[PDB]
């Protein structure tokens, strides 16, 4: 478990490793929320964004895309002094652009979940890692998904970030073979 969880001992981070990271997530709105939170990570510890999750929920309508998508510069202006979120204007604007892109995807394609899972043919890609040093941080699929999302107006979701999202959402299973949290795949 310890090796799989990147040597982190903070129990809030371990909780995320144990109960979220890499567990196949098929719900569209939950996938949107996780992707949006991932976009906020750059230059900070993930535990920073995790401890702030409830504050982000309060800032962004519980990440409900129809509601987030309607937000304007006036909202972002207010959110720049909203307590316990990161006050990075382009990061905050990005969440609104992402929600708009989600709605565009659902209009053009049907389901945001089906859109994303299409990139791994509807089931997790088990990366079959045995050592934490086996882990890559980007690949061709994440790069193309990043590019494709960008076309619908998503922001702050480059290739490495998208790769991290795929592992987080369980589209990729990056758990080590003997980790107690490695999901079963059929």
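Positions refer to the first chain, counted from 1.
Relative to its counterpart among 93-101 and 80-88, 80-88 has the higher mean temperature factor, C-alpha atoms as listed in the PDB entry. Taking the mean C-alpha B-factor of each stretch as recorded, 127-135 and 156-164 are not equal, and the higher mean is that of 127-135. You'll see in the entry that, of 141, 48, 118, 39, the Cα B factor peaks at 48.
Residue-level temperature factors show residue 113 in the lowest third of its chain, judged at the C-alpha atom. Annotation for residue 33: CA B-factor lies in the lowest third of the chain's modelled residues. Ranked by C-alpha B-factor against the other modelled residues of its chain, residue 69 falls in the middle third. Looking at the C-alpha B-factors along this chain, the one for residue 59 belongs to the middle third. For residue 44, the recorded CA B-factor ranks within the highest third of the chain. Only modelled residues enter the ranking.
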